[PDB]
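Here is the structure we will look at, set down as structure tokens.
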Amino acid sequence: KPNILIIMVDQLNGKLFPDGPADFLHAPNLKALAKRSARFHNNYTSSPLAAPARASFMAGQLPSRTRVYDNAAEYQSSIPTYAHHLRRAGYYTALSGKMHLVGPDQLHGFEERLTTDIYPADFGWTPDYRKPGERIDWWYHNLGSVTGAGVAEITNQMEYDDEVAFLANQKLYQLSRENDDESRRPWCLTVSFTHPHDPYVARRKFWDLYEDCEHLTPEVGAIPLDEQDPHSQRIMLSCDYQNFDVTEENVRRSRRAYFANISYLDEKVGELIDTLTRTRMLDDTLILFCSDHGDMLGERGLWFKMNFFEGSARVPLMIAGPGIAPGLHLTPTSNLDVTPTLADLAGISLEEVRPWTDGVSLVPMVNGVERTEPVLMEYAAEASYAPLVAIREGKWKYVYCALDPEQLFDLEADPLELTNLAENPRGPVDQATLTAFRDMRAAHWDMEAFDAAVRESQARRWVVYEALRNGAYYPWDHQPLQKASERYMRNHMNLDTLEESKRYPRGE
Amino acid sequence: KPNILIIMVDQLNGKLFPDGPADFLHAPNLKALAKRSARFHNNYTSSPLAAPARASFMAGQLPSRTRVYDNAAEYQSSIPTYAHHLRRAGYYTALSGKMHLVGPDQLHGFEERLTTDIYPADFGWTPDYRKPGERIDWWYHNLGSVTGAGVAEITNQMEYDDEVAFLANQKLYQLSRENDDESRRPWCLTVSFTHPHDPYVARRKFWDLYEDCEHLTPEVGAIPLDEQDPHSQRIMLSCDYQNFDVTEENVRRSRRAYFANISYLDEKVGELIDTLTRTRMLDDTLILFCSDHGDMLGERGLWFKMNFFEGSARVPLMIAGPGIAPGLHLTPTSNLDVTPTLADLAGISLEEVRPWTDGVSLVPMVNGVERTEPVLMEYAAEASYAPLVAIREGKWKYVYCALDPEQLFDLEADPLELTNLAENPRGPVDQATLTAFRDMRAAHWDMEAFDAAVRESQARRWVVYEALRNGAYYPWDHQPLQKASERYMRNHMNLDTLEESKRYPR
Amino acid sequence: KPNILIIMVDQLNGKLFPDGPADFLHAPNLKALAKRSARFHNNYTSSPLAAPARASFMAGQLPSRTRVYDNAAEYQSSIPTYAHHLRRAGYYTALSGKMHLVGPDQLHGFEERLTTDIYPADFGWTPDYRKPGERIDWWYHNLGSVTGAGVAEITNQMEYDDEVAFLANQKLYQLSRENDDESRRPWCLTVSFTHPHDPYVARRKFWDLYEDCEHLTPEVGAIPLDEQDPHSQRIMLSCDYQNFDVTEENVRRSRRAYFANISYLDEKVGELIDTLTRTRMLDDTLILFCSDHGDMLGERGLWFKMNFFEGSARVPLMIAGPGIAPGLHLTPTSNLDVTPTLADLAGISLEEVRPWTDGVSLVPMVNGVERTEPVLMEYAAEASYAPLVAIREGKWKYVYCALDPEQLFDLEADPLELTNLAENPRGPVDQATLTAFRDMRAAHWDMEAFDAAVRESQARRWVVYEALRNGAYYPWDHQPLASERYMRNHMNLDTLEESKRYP
Amino acid sequence: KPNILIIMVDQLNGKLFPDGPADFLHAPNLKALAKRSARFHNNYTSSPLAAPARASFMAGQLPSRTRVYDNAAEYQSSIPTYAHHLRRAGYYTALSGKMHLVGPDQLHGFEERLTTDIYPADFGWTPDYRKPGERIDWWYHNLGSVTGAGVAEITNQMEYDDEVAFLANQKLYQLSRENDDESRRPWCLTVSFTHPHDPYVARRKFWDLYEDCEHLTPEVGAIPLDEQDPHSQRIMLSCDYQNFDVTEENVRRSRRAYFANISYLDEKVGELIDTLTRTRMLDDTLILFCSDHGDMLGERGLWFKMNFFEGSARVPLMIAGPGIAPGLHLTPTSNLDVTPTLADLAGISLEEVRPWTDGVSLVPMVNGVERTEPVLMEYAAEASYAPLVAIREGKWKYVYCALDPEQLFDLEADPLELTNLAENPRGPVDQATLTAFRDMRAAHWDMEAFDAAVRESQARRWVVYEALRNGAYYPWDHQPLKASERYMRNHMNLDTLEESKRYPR
Ligand SMILES: [Mg+2]
Ligand SMILES: [Mg+2]
Ligand SMILES: [Mg+2]
Ligand SMILES: [Mg+2]
């Protein structure tokens, strides 16, 4: 059974990984990794928002099934995740970094978690479908990140990711001490970074890499409010766009710092692989690179996520290691597919995970078997007044919301999604295609039931959270475990035995 | 707004409270409390098992709604409980003792919890409908408690309840120091004891009180296996009855220690009343006495709970204090009613709690209003192979399981439930009654959907729990908070100001 | 004096022999040989092309010294080879199979050659540094081997190797009949197979062994032309890469047949060991296993050789038999070291071979003495426009061409050579290392003189070959040499049978 | 394009051809040929020994460039020769007879070779500069040929040359059958005889032609060892001079048989000319007469070659045929010039041969353009302990060896090379001349680098050749080719065969 190192980053636009990292990015370690990887060019989040994407990623289940509709929705501890599936199959499992789990369970199957979460674990960020058009300024996104972009040597997120990286490498070193043990458990370590998520603020060393960058403005620029589709209009309102003057310089500084923070992450990818190499674990380790959702990065005038356009919904996915054929795949894939893919790679039978996952294993695709299943996405959080769903199949993307006109995009003819074929069909094929997707949509979702479930979930939490914020607060944030009385040299141990057990490799 | 003291005990057969405590029980404090209480004689659990009853009790929702089907089912933290409702209305809320909450949330709205739980917080005790007939010896009930009944000066449960009682009285004393503060929050303290739940083992002092007891044998004796209804048969097999030789003396000793432990609790009730009296909080404090489920106590040959017979499904309920007219109420009520009753007593509008509670406030009842709503019960844990549901309305009890013959009892004519009218109707009224109950059951429950929901919950947990018991274990048990650097006299405080703030009355 | 059996194969990627054959290969005979061998994990060709590698192998001399720069360069008969060295010390020496010797001398010291060569002996395959960028389609490598991989029960190469094997085993039987006369010379037999060189076509029996194989794709995928280093770009045009559509199925079928052909060879290794065992010559016989160069096998998008990346430049080397302690050695070694190692094992003095070899004996090192000399490589044939040289020492590989950026790899940190530390050093030590390798390069090669000598050799041959392909062709192909075999009436009929019999 | 017939003989003293053959020689065919020839009176070998001279002759390159330093040195097959140059231009090229090519390549560009070589093809005759003063008796020259001169009707060499002649004439006839087919390639046939090389033994018919010969003793007689220049001393020690009593009679017998064997050869020249005439190819055919090196023939007391004196270093050179103006040329020329002359005569461009030849075409000289380039010679085989070089320019000859005193000769004033002007200069002109030659010598050769290259070549071959003579020997001698395709066979047309093999038709 191979080891599994999952490297995850937050808010990474998948279009920036056309075939591994784009040429213009300074990312040598991720480019070298990509050359060894199966690379999934058209990979999509299951939900363009942090907590919904991450609960779905861990479970291999859609938000409608996990019930994690938004960034404040409880994730039930009884829902199996890839950590349960691997741990049940004999893996040691650990998390360093972020997963935005909401509720008192901050492990969800992970045997050990090395850091707290950067974000809250409580019900604060609960949207309210009963009050459409409101925004909550103290947690909603706003374009202050765009006007505030720049250069700093420490930030909240760099403190977090610096520590995530250090503890991940320390854990790989600790795990190598078991390498000569016949009865060692294989390990699965998830390293989950908060970059390149905003604030768009970067260390000067990485900012300086992009002085001459040719990609600091999007090809598709700002669409005025009057000309936006309704959901995009709700996002602009939710971001308080009217109270910010986003200049071209602001767009350029934000994209520049974002690219710089990819380069910041690339250095951390190199450290992890160097640790794997020197500990002699690289040949037995699968490495997956993934992200929860994208960032529009100013394309269409939009920033951040919360929508199904390519920049928000596309996220990179790469897998490398024993038994994995390197190569590029264009068939659309989903983050929903990661958990069943990991289970398959770990030797777990299809039947053991079939009842618990909505995705499919990608391993047959890596081995030349055509994948046919469509890619499904959902969104039911801020800037929605009712749930949205999307279907990505073949060359098409279809988006449905009961409150909006449908969208239908031919991504091979129209990769920038500039012509809505549901409004302006090119011919009778486009009209027949729209009908097929409507049928597919009715097959997969009951939208009235979806809306009612989201409303009931919000209403529960508004009662409960108001109560929990009265009197003394009981926090749910993960506190990594204290072990000082059992670490290093203590006088209930054999002193020379200790040094030998903590040294690795041995006898050289 | 009044203070609220909830006194809860575990596994207390409600037939023992015909009008407050039965005369033969040595329970002067509970009898004194009962005389000033609204007493609900025919009060029922929502589910005859610890965790399902308690989650349903806290939320005012049935197990089919809480999803807490058994003793290992996760109780979601987003479900509102009476703690949340009161806390949202401005109450300080606290729990001392047991609530058998499963999952990493061990507060469920309680602002403070003073003890850990006596029982596990994890998914270990999960039944499996895919293996009907199996029992799990390491946690299932078994009749060893009947054959091992006796006397001891300390037990696991007396250690627990002794501590529950001390910390509750300590908290009342601490709360009295705020009495003179016009800006104080009113308080709601739940004090939840594990007795008289088995093992049936009592301190000598209380065991000696029942030397001449005349209720040491049940009136309805052991029904042989072949004559038992199918569910009772499933219970006997789950208790491993074949491997125990339960003598008449075992029955008497179990019941004697059980009664003694009611007397053990009565002493603790008096302590709490005494603390309320001397702190001058009694007259502003509502007092509720309740239990999660009953105990058959050998009636029909059965022990413990897990069924809808009277000894297992009946639990006492009493309410006393400001605005509560004393009196005995015979109309059937249930534990589902406690949470909306609490909200009502605390001045919370019916509209604020309507979407979150399946029961009804008993306040109107206390003030003379006739109550008509029926009482519903559910069971879907060990010794069931498919869910069971019950309906209690007027003089009738109806019990349904897809796999079993229906049961229908006229508790007015047949309070010991010896004649099943669904099998042996007395006439056309009994037949029409059965039909009315079938139609009403079919409108309230889809029992096939109920069964599918229970099986999914079990299967989920069997995957998850096996994983969580591999490698290092992460416990969810509640750990009461440690505040020693901020307690008593510390040198960041004014040392004479401290003594005055900690003194009361002043 | 021990007998010496040299088993050589063609185009075998040394990364497939990490400690003997890799576990995933079906090769029980080579795994059993390895277990009693000194095994040289990091052994390198001296030049990643057939004839340059083989002339250098035979002489223990680099191409810059043999002058065999490419696959059409004459190998002078006056250059001593290990066959001369052993033959001078009293050995009977013979070759069965391929050595790709160019020119009229097809023995180069071998007393007897049992087969012709599979490949040409003339100046046809001559490159020309005056036309940098051309390709010659009728003999250049091309990716048709990759798109044409598969299964067949006979091929040109299997016909050849079947015969190589038969005659080698026949010769071992013949050599066993002299095994009772103390007056008999020790023997050195070189058995040189053309597999696993492409075509990637295998017998179905061996193809079937790899249905479940987990290694049918390389560890590094195809790198687009624009992202390749300049020499890799030259190679990619060389094989006309743009005129082939290499699918993943093509990659898988090519690697599967290649592994199948390793298994095909393993059966022949087992046959040779069986003959040694049954004739009772095994215990007195040194066995060496070697190859001329590797095969990239689709790694980086490259096939075949002509470069210094691991898959092309690494080749296996194992030695077993009397006086050889088994073990795995990680210090880099060279095919250049085979000839002085053979001479040393044969009791020849160091001074007798010192003037004629650029490598070193590996025997001290089998016996625990640390080997410090670096490993040197050269390439000056097709897809080069000027000579390339490489140095392998410690954990490092350094590659220099006057026309290209340097390459520097740390193979312990970067075994797949995905980070060029000359362009992208990690820190100060990488810079100091690059400088030291530049100093070492200057101490070993005059690159201007190298290029001039290559150009003069190419130009000579272009004049000569045009002339030689006018009029009647005189072939140089070796023809092995009936009226003296078996029972003939000028011999003693009864005495003959007892002489042909053994034991 | 003209046909080309190269008639080559071995060890013919060039002073015997002062204007074609000397008057006293019975050589009517070679004198008839000479009269229609451009004749190069002062023509020199490139190296006074068989294999080195011949490899240099074939390549138009000096030994230091061919690497063929001695009679056992491998001649690499990748070195272009006039055979390659002509073959590349469309010629059929063939050799009948000797060329003393060493190594497994016995064609060196020739498309067909009609005989094997009379001498070995392997590394046997290798000198060793590490053993100066030693001699290897089983192949070194010795003066036994001088004492054993005489008369016989067959010899090894006459068997050989008889066969060379027969097959060469047979081949000319075969080539004439292609005359009427205007599609045929032009041909170049090299006919290379072993005479007048020793043994000095002749058929009685030719021996009787010199009964009254007046040139049976050399003008310059024997020089005693103690008065010889150091190289001549090394030659005498290597010929084992101390073990032979060479009488005046021995000299006369040797020189008589030698002249007789020139007459033996002249008969064969007549045969070739007669075949060309009767086949009607004569007018379209260039005829070149040449030799590899000379023979001292007793002059100065020396025999054979291995030195730069006139008798060993001069060889005849004549060219006749279409476009060749007859006449005598005195400017010094070199065997190095044959290959570029042949190429020029075949219409090959100057630039196609310039990188490959150290000599110059003689066609401009034939056509009245003065030639100025000097004549260079080298020697690095037996009787040398380090390489020797020589320069021949205008009237002068300069000889250098690092180990010996220089020699400088004014061949106009001193045609017999009796006065060494480097030791006994006549005045400042001789001194400035010597200095000019020193400077010239130093610009052309690094003699230490030359010595090192020779030593390495010797040392290589000592390792190899010992090996090759253990166990079964594999020979490199040329074996000429097919009887099942000759004459009348029952897959051909019988009436078609006779007509195609008949000529004239
Ligand atoms: Mg995110
Ligand atoms: Mg209970
Ligand atoms: Mg090869
Ligand atoms: Mg000669």
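Chains as they are written, first to last, in the authors' numbering: chain A, 5 to 512; chain C, 5 to 510; chain B, 5 to 485, 488 to 509; chain D, 5 to 485, 487 to 510. No residue lacks a Cβ here, since even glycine has one placed at the ideal position from N, Cα and C.
Against chain C, the CB of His201 (chain A) has no partner CB under 8 Å away; the residue lies outside that interface. Annotation for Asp202 (chain B) indicates a beta carbon at 7 Å or more from all heavy atoms of ligand 3. DSSP, read as helix, strand or coil, puts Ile10 (chain B) in strand. Using a Cβ-Cβ distance cut-off of 8 Å, the segment 374-394 of chain A and the segment 71-86 of chain A are in contact, since at least three pairs of beta carbons, one from each stretch, lie closer than that value. Interface criterion met: the Cβ of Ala36 (chain A) is under 8 Å from a Cβ in chain B.
Per DSSP, reduced to three states, the secondary structure at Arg260 (chain C) is helical. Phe28 (chain A) and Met12 (chain B) have their C-alpha atoms some 47 Å from each other. At a cut-off of 8 Å between beta carbons, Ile352 (chain C) makes no contact with chain A. Distances taken from the Cβ of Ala54 (chain D) to the heavy atoms of ligand 4 include one shorter than 7 Å.
Against chain B, the CB of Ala329 (chain A) has a partner CB under 8 Å away; the residue lies at that interface. Restricting attention to B:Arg284, B:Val205, B:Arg181, B:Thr151, the CA atom closest to the CA of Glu163 (chain B) is found in B:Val205.
If you compare the alpha carbons of D:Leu16, D:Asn7, D:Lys5 with that of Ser295 (chain D), the shortest gap goes to D:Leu16.
About 10 Å separates the CB atoms of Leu269 (chain C) and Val195 (chain C); that is not less than 8 Å, and the two are not in contact. Listed in chain order, the positions of the segment 409-426 of chain B with a beta carbon within less than 9 Å of a beta carbon of chain A are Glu416, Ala417, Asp418, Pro419, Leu420, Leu422, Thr423. At least 8 Å separates the CB of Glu182 (chain D) from every CB of chain B. Taking a C-beta cut-off of 8 Å against chain B, none of the residues of the segment 284-304 of chain D qualify. Counting along the chain, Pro200 (chain C) sits inside the beta strand (DSSP E) bounded by residues 191-200. The C-alpha of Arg40 (chain D) is placed about 17 Å away from the C-alpha of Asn7 (chain D). The residues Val205, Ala206, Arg207, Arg208, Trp211, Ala261, in chain order, have a CB closer than 8 Å to that of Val155 (chain B) in the same chain once the five nearest residues on each side in sequence are set aside. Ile239 (chain B): member of the alpha helix (DSSP H) spanning 234-242, first to last residue. A straight line joining the alpha-carbon of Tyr96 (chain D) with that of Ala63 (chain B) spans about 37 Å.
Distance from the C-beta of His297 (chain B) to the nearest heavy atom of ligand 3 is below 7 Å. For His333 (chain C), there is no enclosing alpha helix (DSSP H); the residue is found in the beta strand (DSSP E) stretching over 331-333. Counting only residues of its own chain and dropping the five nearest sequence neighbours on each side, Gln462 (chain C) has a CB closer than 7 Å to the CB of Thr130, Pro131, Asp132, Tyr133.
Around the CB of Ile158 (chain B), fewer than 16 other CB atoms lie within 10 Å, so the residue is classed as exposed. A distance criterion of 7 Å places the beta-carbon of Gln15 (chain B) in contact range of ligand 3, judged by its closest non-hydrogen atom. What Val458 (chain D) touches in chain B, judged by beta-carbon distance under 8 Å, is nothing: the nearest beta carbon there is about 13 Å away.
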